[PDB]
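Below: the structure, in structure tokens.
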Amino acid sequence: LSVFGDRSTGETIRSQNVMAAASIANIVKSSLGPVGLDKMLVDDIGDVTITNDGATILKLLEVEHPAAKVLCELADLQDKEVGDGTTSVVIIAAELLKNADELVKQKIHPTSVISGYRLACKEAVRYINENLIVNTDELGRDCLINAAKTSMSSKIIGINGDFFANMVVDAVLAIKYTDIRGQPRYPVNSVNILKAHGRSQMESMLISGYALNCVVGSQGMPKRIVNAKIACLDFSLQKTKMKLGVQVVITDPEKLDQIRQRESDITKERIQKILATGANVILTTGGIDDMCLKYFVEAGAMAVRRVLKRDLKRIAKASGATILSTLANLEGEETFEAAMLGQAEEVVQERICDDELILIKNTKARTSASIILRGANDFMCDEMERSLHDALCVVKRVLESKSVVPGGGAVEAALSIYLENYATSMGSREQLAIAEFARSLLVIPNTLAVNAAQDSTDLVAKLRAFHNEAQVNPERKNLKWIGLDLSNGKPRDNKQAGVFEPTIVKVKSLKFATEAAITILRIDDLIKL
Amino acid sequence: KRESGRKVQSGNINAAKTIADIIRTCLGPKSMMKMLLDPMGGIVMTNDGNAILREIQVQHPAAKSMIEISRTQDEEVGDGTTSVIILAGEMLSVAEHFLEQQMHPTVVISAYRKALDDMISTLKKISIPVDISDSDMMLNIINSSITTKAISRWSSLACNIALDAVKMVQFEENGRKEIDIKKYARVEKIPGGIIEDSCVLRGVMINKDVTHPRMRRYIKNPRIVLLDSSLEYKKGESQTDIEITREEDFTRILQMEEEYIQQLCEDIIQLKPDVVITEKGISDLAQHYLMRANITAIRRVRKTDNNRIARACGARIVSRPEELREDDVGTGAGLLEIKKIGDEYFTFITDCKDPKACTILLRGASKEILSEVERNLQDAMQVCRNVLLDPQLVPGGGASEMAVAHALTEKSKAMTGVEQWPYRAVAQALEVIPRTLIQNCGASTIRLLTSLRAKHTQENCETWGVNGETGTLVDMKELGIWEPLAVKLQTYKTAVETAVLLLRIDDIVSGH
């Protein structure tokens, strides 16, 4: 034979593909879980990158293999479709190939192995859908305060369990807004979280409204107003120019003083249109001239200059108003009365250390809140700041995808027992393909046990004994829906603990992991040119 | 390709301990010199730990992160760079629990974090307050870095230069006592004079030299103008380059450049200021219109410099020279002095008050002296900066290390669990600091260290340290080795976080 490249086949090619996929898994293996260790990434320049995120590693990891590039593209599909569980998919996809390669040495044809994973993954989705749970604990029952209490027990903030967690529950319930077709989700950035050192750590207080950090400028403005009108303007009341990069040079000295009267006179027309609305609270993002602040005292309006663009967007949603981009109508300057104005009840300024917040309370439709944390020391209150935001997303994500499932390895353990008894009811060379699919799911509770500094053999054994007794008889005396506790290293019920995962996360993770184990296994030959 | 498992945590120990073994003898006044061979045959005998590791090229990733942390520690605090590396290398030097005992890394990490909290609480009990109103009490503290230096003669005046400069930058109104030396305390070398002629100036100093004889020599109430735009031929919005070749292109541009600069310089001379400080450069045609008003021309200055110049005289920064207003003045400034000092022209915008800044002038007969006196007063301010933050000292010479080591040992008796074994190893890891002090003196290490432990058990741990010069045991109340507390707090906090960072890495994999 005379050819321009190398050609090889046999069990070695499948063995090389399994060993290549096993090398990628072992890299992200010990990084699975919140306790996973950090790992360095060295480039050709010699720079180093450190992080524990498995999704970040796979994106920055570079290894050239034909099969290894399949798993790297696989994580991109899981990330763009969902964005969580990319580490678990790579680990499971490797354990499928390890057990499948052993069956090949048993003279089991790959087609019978592929047909097993398609039937096992199909029966797995049916069994999970029965064990699911819908959105609950929103009325009549509270086990939802223990939802964030578990995530807050790993921080110093967990000293008072029911005091700090009760405000997280009221924060996620107050932000509910449909916005589409009876959808409603829980938007990410709503509640403003700050810190204070005052007098004790027990003074943390929940507030309903928006927390705006600004100043009232001169003292001529009142710090409290009952006015419902909320003026939202993006146009700058300061001196107007053609552009920042294009400057007009004035050669005539008399034209210099003639122009100086123009911007001063135009603001006199601009101040009359604003005061004609009768709105006290005034928000100007582009800044307010010093001479314009004097007319604010005559009418008694409360105005703010240099307002942050991100702040006004949340105020417009809190006050239920529309943001005015500019006064240009393409014809003449107009403030658009009765339109851009908002609705509120009481607006009062609150006293905080070194910073003074402007609090707008009880608007028409807001679906927001604010929580000020009064602590003891800066080191103590800083950790409590990110601790609430972390536990808030945990309670949020559960109450958003509405159907969740108990996590912590409870899904893989229950599927291992049910699918193993289902393998004996089929036959026709489908038993070994389905049976090895049940053992491959045990890597998820195995990996989490090793990263938790505990014995993996004992925890998985005690975990399988509980889910089996649930399949034997429905009676309550047998444990049901038992997960794994990473902190104490023992079995724990995840339903009461409040550790959940969305349904689409576990379902799509098993489908993509099955398709990857099939795609790599279908390659019987390697041809080079 | 890639390395994972226990080999990485075993390899990181040998990489961190090797770097630590170099500077072990570089600690203390008895510090041994080190010889570095250049590829061309050069030899540098300097004993400075920062300079040695700066020229060493290490190929191990953890060895690079170990050095870069020491460089960051040097910028914040001008002392303790050697102590951080020795302690961080000693805490990682125990491989018994990592390999033989097969303890999980997170279990050992939990032992360091529980110990770090007790190490900080112990230093606050043995500390002592400080009286900052006494100039002589602050003098005895700064003499630690002054010894064996060229400034020791004028050190009495050199102390007042560093002590007063830090008090100026210190802001006690906000409560945080924020001090930035590289900003307001910024210093420049002045050729000429002697060390005694170095004084403290309140204001900002401009090192630009007088090009032409027409300028304001002395003014009672100067007028300073700050503006962003430059003075030159107007450039378009494109990248088109201006290259002057044909005479036809000369007169056309020269006439346009003359009319464009004359109009911008017109509004400048209308206000009649005493100086013009522009951020960007100033061309030759623009300097001609400035000399007609008999003023000083200043060019090539940055934004942060202008912000300190604006706060000095109370001026205002204007975008373009066409938009200049009467609101921009140097009213309130002390005076303007173009007088030459040391064969160089200086520009003094300074004043008799403290506009939240200062300037330090260094006088010397040669550049060799100016280079030595400069770095001697830079770390001198670093010492005074850390004391004024938290006026509390700690005993030095190995007394504070043996003090915490005794508190952790008695605390470990109530610890019930597997973490008690690595928790006690931290107490014995702090003993390397008094060990290197005795080893350099040539005395017996075992005999003195054993007798030192029995003193802290009975007598107060605040005293009975190790004498660096003599080599025997002496109390710290009779000697001036008392160190600041803010230096030690960040010394142990950084050393523990450095050890934990290297233990959390179980795998090293390339990529891009």
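Here, A, B, ... name the chains of the structure tokens in the order displayed, residue numbers run from 1 inside each chain, and ligands are numbered from 1 in the same displayed order.
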
For a quick test of understanding: name the residues of chain B lying within 6 Å of chain A when counting only C-alpha atoms, and present them as a tab-separated table (two decimals) with N, CA and C atoms, in the first residue's frame.
```tsv
chain	number	residue	atom	x	y	z
B	104	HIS	N	-5.96	16.08	54.48
B	104	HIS	CA	-6.49	16.82	53.35
B	104	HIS	C	-6.10	18.30	53.47
B	504	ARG	N	-3.58	25.61	48.10
B	504	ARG	CA	-4.84	25.43	47.38
B	504	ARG	C	-4.63	24.99	45.94
B	505	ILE	N	-3.40	25.05	45.43
B	505	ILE	CA	-3.13	24.65	44.05
B	505	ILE	C	-2.68	23.20	44.06
B	507	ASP	N	-2.88	21.43	41.05
B	507	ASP	CA	-2.67	21.07	39.65
B	507	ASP	C	-2.07	22.28	38.93
B	508	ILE	N	-1.15	22.02	38.01
B	508	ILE	CA	-0.58	23.05	37.16
B	508	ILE	C	-0.69	22.59	35.71
B	509	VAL	N	-1.49	23.29	34.91
B	509	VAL	CA	-1.74	22.93	33.53
B	509	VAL	C	-1.54	24.16	32.65
B	510	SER	N	-0.86	23.96	31.53
B	510	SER	CA	-0.63	25.03	30.57
B	510	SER	C	-1.90	25.33	29.79
B	511	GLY	N	-1.80	26.32	28.89
B	511	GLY	CA	-2.93	26.71	28.08
B	511	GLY	C	-2.85	28.14	27.60
B	512	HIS	N	-3.81	28.57	26.79
B	512	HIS	CA	-3.84	29.93	26.28
B	512	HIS	C	-5.25	30.34	25.86
```

For residue B:52, list every protein, DNA or RNA residue within 10 Å, evaluated using only C-alpha atoms, and leave out those in the same chain fewer than 2 positions away; present the list as a PDB file with C-alpha atoms, in the first residue's frame.
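Result file is selection-v7.pdb:
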```
ATOM      1  CA  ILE B  22      18.660  32.357  50.532  1.00  0.00           C
ATOM      2  CA  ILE B  23      17.715  35.321  52.728  1.00  0.00           C
ATOM      3  CA  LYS B  34      25.535  37.715  49.355  1.00  0.00           C
ATOM      4  CA  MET B  35      27.559  37.503  46.135  1.00  0.00           C
ATOM      5  CA  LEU B  36      25.817  37.622  42.745  1.00  0.00           C
ATOM      6  CA  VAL B  44      27.402  42.867  43.793  1.00  0.00           C
ATOM      7  CA  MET B  45      27.822  42.220  47.527  1.00  0.00           C
ATOM      8  CA  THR B  46      24.620  43.961  48.664  1.00  0.00           C
ATOM      9  CA  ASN B  47      22.776  42.266  51.534  1.00  0.00           C
ATOM     10  CA  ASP B  48      19.377  43.800  50.683  1.00  0.00           C
ATOM     11  CA  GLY B  49      16.782  41.064  50.293  1.00  0.00           C
ATOM     12  CA  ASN B  50      14.692  43.079  47.839  1.00  0.00           C
ATOM     13  CA  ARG B  54      14.937  41.254  42.006  1.00  0.00           C
ATOM     14  CA  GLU B  55      17.886  40.143  39.859  1.00  0.00           C
ATOM     15  CA  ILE B  56      17.275  36.402  40.352  1.00  0.00           C
TER      16      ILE B  56
END
```

### Message
To one decimal place in Å, what is the distance between atom CA of residue B:125 and atom CA of residue B:85?
### Response
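If I compute the distance from atom CA of residue B:125 to atom CA of residue B:85, I get 25.4 Å.
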
### Query
Within 10 Å of residue B:78, counting only C-alpha atoms, which residues qualify if same-chain residues fewer than 3 places away don't, as a ChimeraX atom specification?
/B:73-75,81,378-383,386,487
